[PDB]
Amino acid sequence: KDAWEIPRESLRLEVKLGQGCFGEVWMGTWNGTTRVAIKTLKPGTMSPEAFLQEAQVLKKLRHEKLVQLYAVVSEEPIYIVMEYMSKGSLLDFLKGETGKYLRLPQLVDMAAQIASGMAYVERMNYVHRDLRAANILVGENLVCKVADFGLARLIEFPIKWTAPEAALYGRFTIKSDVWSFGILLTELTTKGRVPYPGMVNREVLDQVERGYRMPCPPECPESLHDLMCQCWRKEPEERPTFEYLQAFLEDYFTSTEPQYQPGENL
Ligand SMILES: COc1cc(Nc2c(C#N)cnc3cc(OCCCN4CCN(C)CC4)c(OC)cc23)c(Cl)cc1Cl
């Protein structure tokens, strides 16, 4: 046991937020004062330090644009205790009521924050393995954080967000996260629309290997789709860094699209 462990008696499992093939997610209260969120094991569901190795990644990672670990439980019943994100998933946020008021400036800045989280990941020498809008939590003031490193690792599988070399040959790198970041960029600019519309997994895998790439989403600037294309380069090592992507997006509206005017959607 380590210093990340707490008494479970500390924990008010209150409202329910979701389920899965893993367990649940709950709003709750920690030591009576603190709002938290808990990813649960409903008793047996799966392996101990499989559920509890997303902790071992999340313990050593610690950035403002990453969802924060608060504590863990193995005094079974079992829990992963984390920082509570008020507006839920970026996917739900984009599809929901506020989604449609979202404009490029907002969307680019969300992209930015995420780039920022991932750039930290990048210099910590970790890989996320599952980057996509569904694993981005939104809080107040349009804040976005990376969450659910649930497969993550030191650099020692829903394929539409997955880089070819990673889906096919299991080559997961920060460079394959980048690939996913570019796909994540199509989600933001379409307001949550599933990538590769009308295509099934195997068809996506076959067309992407022949070099098919998603075209510029409607009302999305060419400069922003260029960036997605860079993120989707065949050779992993030619994809840009999260550091370049972070700085590119923060500076976007001055350095890159300094003449942008809003349309009916973006
Ligand atoms: C702890 O373990 C993990 C937990 C999570 N999941 C969450 C964490 C975290 N972290 C924090 N806070 C969350 C808040 C949620 O909903 C709150 C508000 C929802 N509404 C949207 C619609 N409007 C109009 C009302 C508000 C939520 O919904 C499912 C999931 C959350 C992930 Cl993604 C990964 C890991 Cl590893």
# chains A, B, ... in the order shown; residues from 1 in each chain; ligands from 1
call {"tool": "residues_around", "arguments": {"residues": "residue 168 of chain A", "least_positions_apart": "5", "cutoff": "10 Å", "atoms": "only C-alpha atoms", "output": "MDAnalysis selection string"}}
result
chainID A and resid 159 162:163 205
call {"tool": "residues_near_ligand", "arguments": {"ligand": "ligand 1", "cutoff": "8 Å", "atoms": "only C-alpha atoms and all ligand atoms", "output": "mmCIF file with N, CA, C and O atoms, in the first residue's frame"}}
result
data_model
loop_
_atom_site.group_PDB
_atom_site.id
_atom_site.type_symbol
_atom_site.label_atom_id
_atom_site.label_comp_id
_atom_site.auth_asym_id
_atom_site.auth_seq_id
_atom_site.Cartn_x
_atom_site.Cartn_y
_atom_site.Cartn_z
ATOM 1 N N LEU A 17 -23.424 8.343 -12.466
ATOM 2 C CA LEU A 17 -23.113 9.076 -13.692
ATOM 3 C C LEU A 17 -22.966 8.193 -14.940
ATOM 4 O O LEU A 17 -23.208 8.656 -16.063
ATOM 5 N N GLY A 18 -22.573 6.934 -14.749
ATOM 6 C CA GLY A 18 -22.437 6.002 -15.860
ATOM 7 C C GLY A 18 -22.122 4.566 -15.466
ATOM 8 O O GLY A 18 -21.893 4.265 -14.291
ATOM 9 N N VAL A 25 -19.356 5.254 -12.886
ATOM 10 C CA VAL A 25 -18.839 6.560 -12.492
ATOM 11 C C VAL A 25 -19.880 7.284 -11.629
ATOM 12 O O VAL A 25 -21.056 7.324 -11.983
ATOM 13 N N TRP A 26 -19.457 7.849 -10.500
ATOM 14 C CA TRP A 26 -20.387 8.468 -9.555
ATOM 15 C C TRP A 26 -19.953 9.871 -9.158
ATOM 16 O O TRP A 26 -18.760 10.139 -9.048
ATOM 17 N N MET A 27 -20.901 10.780 -8.950
ATOM 18 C CA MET A 27 -20.545 11.962 -8.191
ATOM 19 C C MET A 27 -20.383 11.454 -6.782
ATOM 20 O O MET A 27 -20.888 10.376 -6.461
ATOM 21 N N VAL A 36 -15.876 14.957 -5.442
ATOM 22 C CA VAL A 36 -15.030 14.127 -6.280
ATOM 23 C C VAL A 36 -15.875 13.312 -7.250
ATOM 24 O O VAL A 36 -17.114 13.331 -7.196
ATOM 25 N N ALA A 37 -15.184 12.614 -8.144
ATOM 26 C CA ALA A 37 -15.807 11.665 -9.039
ATOM 27 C C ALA A 37 -15.127 10.328 -8.777
ATOM 28 O O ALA A 37 -13.925 10.293 -8.492
ATOM 29 N N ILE A 38 -15.881 9.233 -8.846
ATOM 30 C CA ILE A 38 -15.293 7.911 -8.628
ATOM 31 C C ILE A 38 -15.544 6.958 -9.790
ATOM 32 O O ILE A 38 -16.695 6.662 -10.112
ATOM 33 N N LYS A 39 -14.471 6.476 -10.412
ATOM 34 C CA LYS A 39 -14.575 5.360 -11.342
ATOM 35 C C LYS A 39 -14.595 4.085 -10.510
ATOM 36 O O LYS A 39 -13.685 3.834 -9.725
ATOM 37 N N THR A 40 -15.644 3.285 -10.662
ATOM 38 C CA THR A 40 -15.849 2.178 -9.742
ATOM 39 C C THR A 40 -15.549 0.834 -10.352
ATOM 40 O O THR A 40 -15.560 0.658 -11.570
ATOM 41 N N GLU A 54 -3.938 2.185 -14.213
ATOM 42 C CA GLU A 54 -4.306 3.538 -14.660
ATOM 43 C C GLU A 54 -4.028 4.528 -13.523
ATOM 44 O O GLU A 54 -3.874 5.736 -13.746
ATOM 45 N N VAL A 67 -6.869 15.461 -16.095
ATOM 46 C CA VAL A 67 -7.722 15.195 -14.936
ATOM 47 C C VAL A 67 -6.882 14.647 -13.758
ATOM 48 O O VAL A 67 -6.014 13.783 -13.937
ATOM 49 N N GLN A 68 -7.143 15.159 -12.559
ATOM 50 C CA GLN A 68 -6.288 14.880 -11.406
ATOM 51 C C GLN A 68 -6.772 13.722 -10.533
ATOM 52 O O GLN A 68 -7.952 13.647 -10.163
ATOM 53 N N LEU A 69 -5.844 12.831 -10.203
ATOM 54 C CA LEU A 69 -6.086 11.772 -9.234
ATOM 55 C C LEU A 69 -6.168 12.393 -7.842
ATOM 56 O O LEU A 69 -5.395 13.300 -7.520
ATOM 57 N N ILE A 80 -11.518 4.338 -7.788
ATOM 58 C CA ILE A 80 -10.501 5.304 -8.206
ATOM 59 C C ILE A 80 -11.047 6.727 -8.042
ATOM 60 O O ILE A 80 -11.984 7.130 -8.736
ATOM 61 N N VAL A 81 -10.461 7.495 -7.131
ATOM 62 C CA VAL A 81 -11.038 8.789 -6.767
ATOM 63 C C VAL A 81 -10.353 9.967 -7.474
ATOM 64 O O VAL A 81 -9.132 10.131 -7.386
ATOM 65 N N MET A 82 -11.144 10.798 -8.153
ATOM 66 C CA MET A 82 -10.572 11.857 -8.975
ATOM 67 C C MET A 82 -11.290 13.190 -8.894
ATOM 68 O O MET A 82 -12.402 13.295 -8.380
ATOM 69 N N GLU A 83 -10.608 14.210 -9.407
ATOM 70 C CA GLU A 83 -11.135 15.559 -9.575
ATOM 71 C C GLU A 83 -12.445 15.551 -10.359
ATOM 72 O O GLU A 83 -12.566 14.837 -11.362
ATOM 73 N N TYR A 84 -13.422 16.343 -9.920
ATOM 74 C CA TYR A 84 -14.767 16.306 -10.522
ATOM 75 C C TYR A 84 -14.990 17.339 -11.621
ATOM 76 O O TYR A 84 -14.988 18.546 -11.355
ATOM 77 N N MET A 85 -15.235 16.868 -12.844
ATOM 78 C CA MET A 85 -15.439 17.772 -13.982
ATOM 79 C C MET A 85 -16.919 18.079 -14.276
ATOM 80 O O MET A 85 -17.663 17.215 -14.760
ATOM 81 N N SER A 86 -17.320 19.323 -14.013
ATOM 82 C CA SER A 86 -18.732 19.708 -13.984
ATOM 83 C C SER A 86 -19.549 19.463 -15.266
ATOM 84 O O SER A 86 -20.730 19.130 -15.183
ATOM 85 N N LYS A 87 -18.944 19.627 -16.439
ATOM 86 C CA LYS A 87 -19.724 19.545 -17.683
ATOM 87 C C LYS A 87 -19.564 18.219 -18.428
ATOM 88 O O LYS A 87 -19.954 18.113 -19.589
ATOM 89 N N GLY A 88 -18.988 17.222 -17.762
ATOM 90 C CA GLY A 88 -18.838 15.899 -18.339
ATOM 91 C C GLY A 88 -17.992 15.864 -19.599
ATOM 92 O O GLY A 88 -17.318 16.834 -19.950
ATOM 93 N N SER A 89 -18.042 14.719 -20.272
ATOM 94 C CA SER A 89 -17.338 14.435 -21.526
ATOM 95 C C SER A 89 -17.392 15.531 -22.595
ATOM 96 O O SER A 89 -18.451 16.090 -22.865
ATOM 97 N N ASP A 92 -20.093 14.522 -25.153
ATOM 98 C CA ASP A 92 -21.440 14.920 -24.742
ATOM 99 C C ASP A 92 -21.570 16.439 -24.827
ATOM 100 O O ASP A 92 -22.595 16.969 -25.257
ATOM 101 N N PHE A 93 -20.506 17.145 -24.460
ATOM 102 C CA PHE A 93 -20.560 18.596 -24.474
ATOM 103 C C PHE A 93 -20.752 19.146 -25.882
ATOM 104 O O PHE A 93 -21.486 20.117 -26.075
ATOM 105 N N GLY A 96 -24.303 18.125 -27.091
ATOM 106 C CA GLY A 96 -25.337 18.768 -26.295
ATOM 107 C C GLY A 96 -25.752 20.196 -26.658
ATOM 108 O O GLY A 96 -25.345 20.765 -27.687
ATOM 109 N N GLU A 97 -26.582 20.772 -25.789
ATOM 110 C CA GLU A 97 -27.246 22.050 -26.029
ATOM 111 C C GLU A 97 -26.300 23.210 -26.325
ATOM 112 O O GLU A 97 -26.644 24.115 -27.085
ATOM 113 N N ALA A 134 -14.203 11.609 -26.256
ATOM 114 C CA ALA A 134 -14.953 10.912 -25.203
ATOM 115 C C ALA A 134 -14.132 10.831 -23.921
ATOM 116 O O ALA A 134 -14.683 10.757 -22.808
ATOM 117 N N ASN A 135 -12.813 10.827 -24.089
ATOM 118 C CA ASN A 135 -11.893 10.828 -22.957
ATOM 119 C C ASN A 135 -11.343 12.228 -22.681
ATOM 120 O O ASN A 135 -10.232 12.384 -22.136
ATOM 121 N N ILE A 136 -12.114 13.248 -23.063
ATOM 122 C CA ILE A 136 -11.790 14.605 -22.622
ATOM 123 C C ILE A 136 -12.911 15.158 -21.749
ATOM 124 O O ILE A 136 -14.071 15.247 -22.181
ATOM 125 N N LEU A 137 -12.574 15.520 -20.517
ATOM 126 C CA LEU A 137 -13.570 16.120 -19.638
ATOM 127 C C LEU A 137 -13.544 17.647 -19.719
ATOM 128 O O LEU A 137 -12.488 18.262 -19.909
ATOM 129 N N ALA A 147 -8.248 12.669 -19.801
ATOM 130 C CA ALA A 147 -8.635 11.721 -18.771
ATOM 131 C C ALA A 147 -8.552 10.320 -19.350
ATOM 132 O O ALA A 147 -8.367 10.155 -20.557
ATOM 133 N N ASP A 148 -8.689 9.323 -18.479
ATOM 134 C CA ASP A 148 -8.806 7.926 -18.882
ATOM 135 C C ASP A 148 -7.577 7.396 -19.603
ATOM 136 O O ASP A 148 -7.675 6.889 -20.724
ATOM 137 N N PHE A 149 -6.423 7.506 -18.955
ATOM 138 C CA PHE A 149 -5.194 6.890 -19.451
ATOM 139 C C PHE A 149 -5.272 5.365 -19.315
ATOM 140 O O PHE A 149 -4.242 4.693 -19.173
ATOM 141 N N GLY A 150 -6.491 4.826 -19.373
ATOM 142 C CA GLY A 150 -6.780 3.465 -18.935
ATOM 143 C C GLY A 150 -6.028 2.339 -19.616
ATOM 144 O O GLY A 150 -6.134 1.183 -19.203
#
call {"tool": "atom_distance", "arguments": {"atom1": "atom CA of residue 155 of chain A", "atom2": "atom CA of residue 118 of chain A"}}
result
14.4 Å
call {"tool": "residues_around", "arguments": {"residues": "residue 249 of chain A", "least_positions_apart": "3", "cutoff": "12 Å", "atoms": "only C-alpha atoms", "output": "mmCIF file with N, CA and C atoms, in the first residue's frame"}}
result
data_model
loop_
_atom_site.group_PDB
_atom_site.id
_atom_site.type_symbol
_atom_site.label_atom_id
_atom_site.label_comp_id
_atom_site.auth_asym_id
_atom_site.auth_seq_id
_atom_site.Cartn_x
_atom_site.Cartn_y
_atom_site.Cartn_z
ATOM 1 N N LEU A 104 -15.406 28.524 -33.808
ATOM 2 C CA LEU A 104 -14.001 28.203 -33.978
ATOM 3 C C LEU A 104 -13.121 28.686 -32.821
ATOM 4 N N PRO A 105 -13.188 29.988 -32.484
ATOM 5 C CA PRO A 105 -12.318 30.497 -31.415
ATOM 6 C C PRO A 105 -12.393 29.649 -30.156
ATOM 7 N N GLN A 106 -13.609 29.361 -29.704
ATOM 8 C CA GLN A 106 -13.791 28.417 -28.610
ATOM 9 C C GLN A 106 -13.171 27.047 -28.926
ATOM 10 N N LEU A 107 -13.519 26.471 -30.074
ATOM 11 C CA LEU A 107 -13.106 25.099 -30.372
ATOM 12 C C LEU A 107 -11.577 24.970 -30.493
ATOM 13 N N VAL A 108 -10.933 26.000 -31.049
ATOM 14 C CA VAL A 108 -9.498 25.964 -31.209
ATOM 15 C C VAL A 108 -8.837 26.022 -29.842
ATOM 16 N N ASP A 109 -9.414 26.827 -28.956
ATOM 17 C CA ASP A 109 -8.865 26.954 -27.613
ATOM 18 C C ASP A 109 -9.047 25.683 -26.772
ATOM 19 N N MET A 110 -10.113 24.943 -27.024
ATOM 20 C CA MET A 110 -10.269 23.672 -26.349
ATOM 21 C C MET A 110 -9.194 22.738 -26.864
ATOM 22 N N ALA A 111 -9.041 22.717 -28.185
ATOM 23 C CA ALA A 111 -7.997 21.939 -28.845
ATOM 24 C C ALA A 111 -6.660 22.278 -28.212
ATOM 25 N N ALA A 112 -6.412 23.577 -28.073
ATOM 26 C CA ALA A 112 -5.204 24.072 -27.424
ATOM 27 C C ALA A 112 -4.928 23.394 -26.064
ATOM 28 N N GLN A 113 -5.885 23.507 -25.146
ATOM 29 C CA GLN A 113 -5.721 22.979 -23.794
ATOM 30 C C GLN A 113 -5.329 21.520 -23.827
ATOM 31 N N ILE A 114 -6.018 20.763 -24.681
ATOM 32 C CA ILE A 114 -5.771 19.341 -24.859
ATOM 33 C C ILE A 114 -4.347 19.113 -25.401
ATOM 34 N N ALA A 115 -3.993 19.816 -26.474
ATOM 35 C CA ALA A 115 -2.615 19.820 -26.956
ATOM 36 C C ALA A 115 -1.662 20.020 -25.779
ATOM 37 N N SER A 116 -1.992 20.994 -24.937
ATOM 38 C CA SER A 116 -1.192 21.339 -23.766
ATOM 39 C C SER A 116 -1.025 20.153 -22.819
ATOM 40 N N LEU A 185 -9.412 16.540 -33.712
ATOM 41 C CA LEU A 185 -9.685 17.833 -34.344
ATOM 42 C C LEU A 185 -10.927 17.814 -35.272
ATOM 43 N N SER A 223 -6.158 25.938 -43.381
ATOM 44 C CA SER A 223 -4.989 25.891 -42.518
ATOM 45 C C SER A 223 -5.189 24.875 -41.396
ATOM 46 N N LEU A 224 -6.407 24.777 -40.879
ATOM 47 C CA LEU A 224 -6.669 23.836 -39.791
ATOM 48 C C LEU A 224 -6.750 22.381 -40.265
ATOM 49 N N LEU A 227 -3.241 20.997 -40.797
ATOM 50 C CA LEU A 227 -2.701 20.490 -39.539
ATOM 51 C C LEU A 227 -3.197 19.075 -39.254
ATOM 52 N N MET A 228 -4.461 18.813 -39.562
ATOM 53 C CA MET A 228 -4.966 17.481 -39.338
ATOM 54 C C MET A 228 -4.180 16.536 -40.239
ATOM 55 N N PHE A 242 3.273 17.447 -29.946
ATOM 56 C CA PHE A 242 2.181 18.110 -29.254
ATOM 57 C C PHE A 242 2.603 19.525 -28.879
ATOM 58 N N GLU A 243 3.912 19.736 -28.751
ATOM 59 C CA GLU A 243 4.463 21.058 -28.465
ATOM 60 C C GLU A 243 4.227 22.033 -29.616
ATOM 61 N N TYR A 244 4.523 21.587 -30.833
ATOM 62 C CA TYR A 244 4.191 22.379 -32.008
ATOM 63 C C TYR A 244 2.670 22.621 -32.094
ATOM 64 N N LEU A 245 1.878 21.573 -31.860
ATOM 65 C CA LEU A 245 0.422 21.689 -31.978
ATOM 66 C C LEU A 245 -0.153 22.638 -30.938
ATOM 67 N N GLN A 246 0.384 22.590 -29.728
ATOM 68 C CA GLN A 246 -0.098 23.464 -28.674
ATOM 69 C C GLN A 246 0.143 24.924 -29.053
ATOM 70 N N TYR A 252 -3.152 30.584 -33.134
ATOM 71 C CA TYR A 252 -3.878 30.412 -34.387
ATOM 72 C C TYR A 252 -4.411 31.715 -34.980
ATOM 73 N N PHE A 253 -5.326 32.368 -34.270
ATOM 74 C CA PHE A 253 -6.023 33.537 -34.814
ATOM 75 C C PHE A 253 -5.213 34.811 -35.060
ATOM 76 N N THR A 254 -3.958 34.836 -34.605
ATOM 77 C CA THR A 254 -3.069 35.944 -34.956
ATOM 78 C C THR A 254 -2.070 35.543 -36.032
ATOM 79 N N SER A 255 -1.361 34.448 -35.785
ATOM 80 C CA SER A 255 -0.307 33.990 -36.684
ATOM 81 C C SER A 255 -0.848 33.296 -37.956
ATOM 82 N N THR A 256 -1.959 32.580 -37.844
ATOM 83 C CA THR A 256 -2.349 31.692 -38.940
ATOM 84 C C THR A 256 -3.632 32.092 -39.671
ATOM 85 N N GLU A 257 -4.679 32.427 -38.921
ATOM 86 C CA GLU A 257 -5.944 32.834 -39.546
ATOM 87 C C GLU A 257 -6.390 34.185 -39.041
#
call {"tool": "select_by_dssp", "arguments": {"residues": "segment 60-213 of chain A", "states": "strand (DSSP E or B)", "output": "ChimeraX atom specification"}}
result
/A:66,69-72,78-83,89,126-127,136-138,144-146,153-154
call {"tool": "closest_residue", "arguments": {"among": "A:158, A:153, A:77, A:176", "to": "residue 124 of chain A", "atoms": "only C-alpha atoms"}}
result
A:153
call {"tool": "select_by_dssp", "arguments": {"residues": "segment 14-157 of chain A", "states": "helix (DSSP H, G or I)", "output": "PyMOL selection string"}}
result
chain A and resi 48-51+54-60+90-95+99-101+104-123+133-135+140-142
call {"tool": "write_last_selection", "arguments": {"atoms": "N, CA and C atoms", "output": "compact mmCIF listing (two decimals), in the first residue's frame"}}
result
# COMPACT_ATOMS: atom_id res chain seq x y z
N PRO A 48 -7.39 -6.79 -10.80
CA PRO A 48 -6.93 -5.83 -9.79
C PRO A 48 -6.10 -4.70 -10.39
N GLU A 49 -4.80 -4.94 -10.60
CA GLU A 49 -3.93 -3.93 -11.20
C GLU A 49 -3.98 -4.00 -12.71
N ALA A 50 -5.21 -3.97 -13.22
CA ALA A 50 -5.47 -3.63 -14.60
C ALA A 50 -6.30 -2.36 -14.48
N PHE A 51 -7.36 -2.47 -13.69
CA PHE A 51 -8.12 -1.32 -13.21
C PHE A 51 -7.16 -0.42 -12.42
N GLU A 54 -3.94 2.18 -14.21
CA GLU A 54 -4.31 3.54 -14.66
C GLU A 54 -4.03 4.53 -13.52
N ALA A 55 -3.97 3.99 -12.30
CA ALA A 55 -3.58 4.74 -11.12
C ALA A 55 -2.07 5.03 -11.18
N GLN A 56 -1.30 3.98 -11.45
CA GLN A 56 0.16 4.07 -11.47
C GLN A 56 0.68 5.03 -12.56
N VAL A 57 -0.12 5.23 -13.61
CA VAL A 57 0.18 6.24 -14.63
C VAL A 57 -0.25 7.62 -14.11
N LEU A 58 -1.46 7.65 -13.55
CA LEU A 58 -2.07 8.89 -13.07
C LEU A 58 -1.43 9.42 -11.80
N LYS A 59 -0.63 8.60 -11.14
CA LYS A 59 0.06 9.05 -9.94
C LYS A 59 1.29 9.86 -10.33
N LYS A 60 1.97 9.42 -11.38
CA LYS A 60 3.20 10.06 -11.83
C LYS A 60 2.94 11.20 -12.82
N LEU A 90 -16.25 15.80 -23.23
CA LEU A 90 -16.20 16.70 -24.38
C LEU A 90 -17.15 16.26 -25.51
N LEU A 91 -17.32 14.94 -25.68
CA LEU A 91 -18.21 14.41 -26.69
C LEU A 91 -19.65 14.83 -26.37
N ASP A 92 -20.09 14.52 -25.15
CA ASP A 92 -21.44 14.92 -24.74
C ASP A 92 -21.57 16.44 -24.83
N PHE A 93 -20.51 17.14 -24.46
CA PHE A 93 -20.56 18.60 -24.47
C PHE A 93 -20.75 19.15 -25.88
N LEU A 94 -20.10 18.53 -26.86
CA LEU A 94 -20.19 18.98 -28.25
C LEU A 94 -21.55 18.62 -28.88
N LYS A 95 -22.10 17.48 -28.47
CA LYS A 95 -23.36 17.01 -29.04
C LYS A 95 -24.52 17.74 -28.35
N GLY A 99 -23.21 22.84 -27.50
CA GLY A 99 -22.44 22.50 -28.68
C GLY A 99 -22.65 23.47 -29.83
N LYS A 100 -23.91 23.75 -30.15
CA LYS A 100 -24.19 24.48 -31.38
C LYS A 100 -23.84 25.96 -31.30
N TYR A 101 -23.63 26.48 -30.10
CA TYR A 101 -23.21 27.89 -30.03
C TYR A 101 -21.71 28.00 -30.17
N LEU A 104 -15.41 28.52 -33.81
CA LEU A 104 -14.00 28.20 -33.98
C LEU A 104 -13.12 28.69 -32.82
N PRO A 105 -13.19 29.99 -32.48
CA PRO A 105 -12.32 30.50 -31.41
C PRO A 105 -12.39 29.65 -30.16
N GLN A 106 -13.61 29.36 -29.70
CA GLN A 106 -13.79 28.42 -28.61
C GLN A 106 -13.17 27.05 -28.93
N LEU A 107 -13.52 26.47 -30.07
CA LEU A 107 -13.11 25.10 -30.37
C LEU A 107 -11.58 24.97 -30.49
N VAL A 108 -10.93 26.00 -31.05
CA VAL A 108 -9.50 25.96 -31.21
C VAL A 108 -8.84 26.02 -29.84
N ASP A 109 -9.41 26.83 -28.96
CA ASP A 109 -8.87 26.95 -27.61
C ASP A 109 -9.05 25.68 -26.77
N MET A 110 -10.11 24.94 -27.02
CA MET A 110 -10.27 23.67 -26.35
C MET A 110 -9.19 22.74 -26.86
N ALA A 111 -9.04 22.72 -28.19
CA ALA A 111 -8.00 21.94 -28.84
C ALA A 111 -6.66 22.28 -28.21
N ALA A 112 -6.41 23.58 -28.07
CA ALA A 112 -5.20 24.07 -27.42
C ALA A 112 -4.93 23.39 -26.06
N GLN A 113 -5.88 23.51 -25.15
CA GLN A 113 -5.72 22.98 -23.79
C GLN A 113 -5.33 21.52 -23.83
N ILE A 114 -6.02 20.76 -24.68
CA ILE A 114 -5.77 19.34 -24.86
C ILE A 114 -4.35 19.11 -25.40
N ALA A 115 -3.99 19.82 -26.47
CA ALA A 115 -2.61 19.82 -26.96
C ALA A 115 -1.66 20.02 -25.78
N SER A 116 -1.99 20.99 -24.94
CA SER A 116 -1.19 21.34 -23.77
C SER A 116 -1.03 20.15 -22.82
N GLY A 117 -2.13 19.53 -22.44
CA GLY A 117 -2.06 18.33 -21.63
C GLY A 117 -1.17 17.28 -22.29
N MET A 118 -1.40 17.04 -23.58
CA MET A 118 -0.66 16.01 -24.29
C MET A 118 0.81 16.34 -24.48
N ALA A 119 1.14 17.63 -24.47
CA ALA A 119 2.52 18.02 -24.68
C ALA A 119 3.31 17.71 -23.43
N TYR A 120 2.65 17.86 -22.28
CA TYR A 120 3.22 17.45 -20.99
C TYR A 120 3.45 15.94 -20.99
N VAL A 121 2.38 15.17 -21.21
CA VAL A 121 2.50 13.74 -21.49
C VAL A 121 3.71 13.42 -22.38
N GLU A 122 3.85 14.18 -23.47
CA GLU A 122 4.91 13.99 -24.45
C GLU A 122 6.31 14.08 -23.83
N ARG A 123 6.55 15.13 -23.04
CA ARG A 123 7.85 15.27 -22.38
C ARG A 123 8.06 14.39 -21.14
N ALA A 133 -12.37 12.60 -28.13
CA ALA A 133 -13.23 13.53 -27.41
C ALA A 133 -13.95 12.92 -26.20
N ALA A 134 -14.20 11.61 -26.26
CA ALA A 134 -14.95 10.91 -25.20
C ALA A 134 -14.13 10.83 -23.92
N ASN A 135 -12.81 10.83 -24.09
CA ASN A 135 -11.89 10.83 -22.96
C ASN A 135 -11.34 12.23 -22.68
N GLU A 140 -15.81 24.08 -15.83
CA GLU A 140 -16.33 25.44 -16.00
C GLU A 140 -15.42 26.27 -16.91
N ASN A 141 -15.98 27.32 -17.50
CA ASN A 141 -15.19 28.28 -18.28
C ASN A 141 -14.53 27.59 -19.48
N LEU A 142 -15.20 26.57 -20.00
CA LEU A 142 -14.75 25.89 -21.20
C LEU A 142 -13.36 25.24 -21.03
call {"tool": "closest_residue", "arguments": {"among": "A:190, A:53, A:45, A:180", "to": "residue 22 of chain A", "atoms": "only C-alpha atoms"}}
result
A:45
call {"tool": "decode", "arguments": {"residues": "segment 108-120 of chain A", "atoms": "N, CA, C and O atoms", "output": "JSON list (two decimals), in the first residue's frame"}}
result
[["chain", "number", "residue", "atom", "x", "y", "z"],
["A", 108, "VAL", "N", -10.93, 26.00, -31.05],
["A", 108, "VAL", "CA", -9.50, 25.96, -31.21],
["A", 108, "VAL", "C", -8.84, 26.02, -29.84],
["A", 108, "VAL", "O", -7.82, 25.33, -29.58],
["A", 109, "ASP", "N", -9.41, 26.83, -28.96],
["A", 109, "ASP", "CA", -8.87, 26.95, -27.61],
["A", 109, "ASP", "C", -9.05, 25.68, -26.77],
["A", 109, "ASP", "O", -8.23, 25.37, -25.91],
["A", 110, "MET", "N", -10.11, 24.94, -27.02],
["A", 110, "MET", "CA", -10.27, 23.67, -26.35],
["A", 110, "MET", "C", -9.19, 22.74, -26.86],
["A", 110, "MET", "O", -8.53, 22.05, -26.08],
["A", 111, "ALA", "N", -9.04, 22.72, -28.19],
["A", 111, "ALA", "CA", -8.00, 21.94, -28.84],
["A", 111, "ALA", "C", -6.66, 22.28, -28.21],
["A", 111, "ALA", "O", -5.88, 21.39, -27.86],
["A", 112, "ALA", "N", -6.41, 23.58, -28.07],
["A", 112, "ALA", "CA", -5.20, 24.07, -27.42],
["A", 112, "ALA", "C", -4.93, 23.39, -26.06],
["A", 112, "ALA", "O", -3.86, 22.79, -25.85],
["A", 113, "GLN", "N", -5.88, 23.51, -25.15],
["A", 113, "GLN", "CA", -5.72, 22.98, -23.79],
["A", 113, "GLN", "C", -5.33, 21.52, -23.83],
["A", 113, "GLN", "O", -4.43, 21.10, -23.10],
["A", 114, "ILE", "N", -6.02, 20.76, -24.68],
["A", 114, "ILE", "CA", -5.77, 19.34, -24.86],
["A", 114, "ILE", "C", -4.35, 19.11, -25.40],
["A", 114, "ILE", "O", -3.59, 18.29, -24.87],
["A", 115, "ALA", "N", -3.99, 19.82, -26.47],
["A", 115, "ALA", "CA", -2.61, 19.82, -26.96],
["A", 115, "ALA", "C", -1.66, 20.02, -25.78],
["A", 115, "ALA", "O", -0.66, 19.31, -25.64],
["A", 116, "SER", "N", -1.99, 20.99, -24.94],
["A", 116, "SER", "CA", -1.19, 21.34, -23.77],
["A", 116, "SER", "C", -1.03, 20.15, -22.82],
["A", 116, "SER", "O", 0.09, 19.80, -22.43],
["A", 117, "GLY", "N", -2.13, 19.53, -22.44],
["A", 117, "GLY", "CA", -2.06, 18.33, -21.63],
["A", 117, "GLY", "C", -1.17, 17.28, -22.29],
["A", 117, "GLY", "O", -0.29, 16.69, -21.64],
["A", 118, "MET", "N", -1.40, 17.04, -23.58],
["A", 118, "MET", "CA", -0.66, 16.01, -24.29],
["A", 118, "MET", "C", 0.81, 16.34, -24.48],
["A", 118, "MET", "O", 1.63, 15.44, -24.61],
["A", 119, "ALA", "N", 1.14, 17.63, -24.47],
["A", 119, "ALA", "CA", 2.52, 18.02, -24.68],
["A", 119, "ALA", "C", 3.31, 17.71, -23.43],
["A", 119, "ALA", "O", 4.48, 17.33, -23.50],
["A", 120, "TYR", "N", 2.65, 17.86, -22.28],
["A", 120, "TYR", "CA", 3.22, 17.45, -20.99],
["A", 120, "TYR", "C", 3.45, 15.94, -20.99],
["A", 120, "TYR", "O", 4.57, 15.47, -20.80]]
